[PDB]
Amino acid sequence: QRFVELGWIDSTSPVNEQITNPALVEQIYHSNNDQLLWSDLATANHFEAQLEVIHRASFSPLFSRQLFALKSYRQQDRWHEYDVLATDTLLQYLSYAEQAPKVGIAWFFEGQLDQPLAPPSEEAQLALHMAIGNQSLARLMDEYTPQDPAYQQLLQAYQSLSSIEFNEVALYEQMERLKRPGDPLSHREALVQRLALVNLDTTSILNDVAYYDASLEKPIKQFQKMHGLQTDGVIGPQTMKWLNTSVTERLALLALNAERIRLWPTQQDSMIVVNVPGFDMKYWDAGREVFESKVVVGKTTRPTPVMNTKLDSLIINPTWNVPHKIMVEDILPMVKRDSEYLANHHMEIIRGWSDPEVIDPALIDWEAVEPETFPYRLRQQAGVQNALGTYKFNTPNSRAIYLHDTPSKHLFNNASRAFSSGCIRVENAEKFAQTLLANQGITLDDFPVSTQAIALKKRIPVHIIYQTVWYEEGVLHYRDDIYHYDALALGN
């Protein structure tokens, strides 16, 4: 324990304080007659490269501390010490790969991977022993990466971009806040370089021009689409901010988003995914994408949490039992200010559960009511102008986060859609409800008169994801860090 039992590691050696699992490390060494496992320089490079990705992503002080210790040992040609720590670090790496899809949320969105992980599984240790036997350690590492080809495509682009990282490229500058098509451009050189850096087709852009010509109109709009901006062709502050992004900032985002896929690595055949920073969702039935929709997500002050839930059921013409927190902070203040707020929003005051007692307002002294002490509940009646619209998609969980229709459809016109108190508002709620029921053969004979709860035959897994970079139709897409979760990897 306190000292790893190998002849070639001195008891004085600092690797004895850096090794997380001395017993398992000894097991691996003893079963290879205590020889070096990292003698082949290609294998040690591939592992450092993969650890560099973890480092850049900035979610793991553990993997960062180990990586720099390893680099230190390599600088000083202390290859014995490099070997042991590398073996120990590969065990942590295998645990990481196995545990990410189980408790990963904690490392990327609640805290950090600071403390050593529990040993990897028996199956993983066996896989390790055989990889050593066959001199296939690199292949072992690659096998313990996500199934999704989205991982590979993100890492390819990372590699390409890593090579040209520290090449100088002028900041794009303009003096007029907005440049439209036809307007003169001071810095058209930088503009086109920076369109090229994100792998847009730059070939058909004219070289000798010095204004916003026809040949830029498609490229700028495509750049705007790639970043979830309004494709209005106007080079504004939003376009410029993304243009002037460094390659080291882009590599941070790629690294972080690559490793994030380990938290949602499988595509199930039946599935619902909401990408918060992309403000959209998709529903897969039977391995086939059957439904897509823009969504509204929680505001920055009441964010939609990243989580896994299940959809069990669906309410048509739902009522809205107003959560306590929303009654005190939002509704009651306004009710004190507007005698007729409740009548306009068809809300009632309730003192009961299941068979509740409808309380008459104005029999309360509203000026004397303190929101936090108010003892009753609020309930909004079913109707087209209900906050849940005509459909609530029940995804029970401890945070009371679910999906629902909305009467406020104009919110879908905005590019950034962090407006709600946490729940996910679905644009095509009607089509979504139709598809859910069809795919379980639960279609309604007739549209319900009023409130109808429909239980699903099979629960559908719901993944609420935070992925600010992904691969779509041959290019990488990017999204604003709406909840500031990828801020640490940018240096902010």
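The first residue of the sequence shown is number 1, and the count goes up from there.
State which stretch shows the higher mean Cα B factor in the entry: 43 to 51 or 447 to 455. Result: 447 to 455.
If you average the CA temperature factors as listed in the entry, which stretch comes out higher, 29 to 37 or 437 to 445? It is 437 to 445.
What's the residue among 260, 227, 417, 177 with the greatest CA temperature factor in the PDB record? Spelled out: the listed residue with the top C-alpha B-factor is 177.
Top residue by Cα temperature factor, when 292, 405, 98, 370 are compared in the entry: Comparing C-alpha B-factors across 292, 405, 98, 370, the top value belongs to 370.
Divide the modelled residues of the chain into thirds by Cα B-factor and specify which third, lowest, middle or highest, holds residue 11. Its C-alpha B-factor, which the entry lists for residue 11, ranks in the highest third among residues of this chain.
By the record's CA B-factor, is residue 221 among the lowest, middle or highest third of residues in the chain? It belongs to the highest third of the chain when residues are ordered by C-alpha B-factor.
Name the third of the chain's ranked CA B-factors that contains residue 360, choosing lowest, middle or highest. Ranked within chain, residue 360 CA B lands in the highest tercile.
Split into thirds by Cα B-factor across the chain's modelled residues, where does residue 87 land: lowest, middle or highest? CA B-factor rank for residue 87: lowest third.
B-factor third for the C-alpha atom of residue 280 within its chain: For residue 280, the deposited C-alpha B-factor lands in the lowest third.
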